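Line order of the protein sequences matches chains A and D.
Counted from 1, the first sequence has number 98 at position 27 by the entry's author numbering; the numbering is strictly sequential.
Counted from 1, the second sequence has number 59 at position 38 by the entry's author numbering; the numbering is strictly sequential.
In this text, a Cβ means the ideal position worked out from N, Cα and C, and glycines have one as well.
Comments concern the structure below.
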Amino acid sequence: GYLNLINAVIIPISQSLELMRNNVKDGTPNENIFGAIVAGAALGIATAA
Amino acid sequence: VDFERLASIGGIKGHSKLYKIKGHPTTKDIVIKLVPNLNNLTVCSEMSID
Ligand SMILES: *[C@@H]1O[C@H](CO[C@@H]2O[C@@H](C)[C@@H](O)[C@@H](O)[C@@H]2O)[C@@H](O[C@@H]2O[C@H](CO)[C@@H](O[C@@H]3O[C@H](CO)[C@@H](O)[C@H](O)[C@@H]3O)[C@H](O)[C@H]2NC(C)=O)[C@H](O)[C@H]1NC(C)=O
Ligand SMILES: *[C@@H]1O[C@H](CO)[C@@H](O)[C@H](O)[C@H]1NC(C)=O
């Protein structure tokens, strides 16, 4: 019962964090900094933090 | 560039290639030892290392 209770609050945080990793992509157009790069469409609305 | 008048002037269009140059600056680190390690030569080596 404890496992069934905590699995409702373990899974969506994991899904949200892997979606956060899916929004970023290690790419480099031309003489870039060879990192960062997020898709504007895949993030929606966000702040600086 | 027009190749017909360039053929008239005496130039012939050769091969076309790409410019796939430079890349990501990933690095690695190694160790270069200078003094060779002798172990079987503990009998007759004198002090030629010095
Ligand atoms: C998070 O990302 C992973 C990895 O996918 C990569 O990133 C995405 C954002 C896209 O840009 C992808 O093109 C890119 O590869 C996603 O995992 C992938 O999920 C899909 C389904 O959404 C899987 O495809 C399935 O694969 C098999 C084929 O036999 C069948 O079950 C299905 O027909 C279906 O095609 C895919 O295999 C899987 N992995 C990879 C490496 O692409 C993931 O979905 C994504 N988002 C979330 C919310 O989890
Ligand atoms: C030579 O050196 C090797 C490697 O250290 C060692 O196994 C071997 O016993 C040595 N042989 C002699 C005759 O000293």
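- [ ] Please confirm whether any heavy atom of ligand 1 lies closer than 8 Å to the CB of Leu-90 of chain A.
- [x] yes
- [ ] Please list, following the chain, all residues that have a C-beta closer than 5 Å to any non-hydrogen atom of ligand 2.
- [x] D:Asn-60, D:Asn-61
Open item on the list: Going by beta-carbon coordinates alone, are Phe-105 of chain A and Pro-46 of chain D separated by less than 9 Å?
Closed with: For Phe-105 of chain A and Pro-46 of chain D, yes; Cβs fall inside 9 Å.
Open item on the list: I'd like to check one pair, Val-95 of chain A with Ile-108 of chain A: are the Cβ atoms closer than 9 Å?
Closed with: yes
Open item on the list: Less than 9 Å between the C-beta atoms of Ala-113 of chain A and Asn-93 of chain A, yes or no?
Closed with: yes
TODO: With a cut-off of 8 Å on the beta carbons, I'd call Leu-55 of chain D and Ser-66 of chain D a contact; round off their distance for me.
DONE: Contact flag wrong, Cβ pair sits at about 17 Å.
- [ ] Below 8 Å on the Cβ atoms is my guess for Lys-34 of chain D versus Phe-24 of chain D; work out the distance and round it to an integer in Å.
- [x] Sure, about 5 Å apart at Cβ, within 8 Å.
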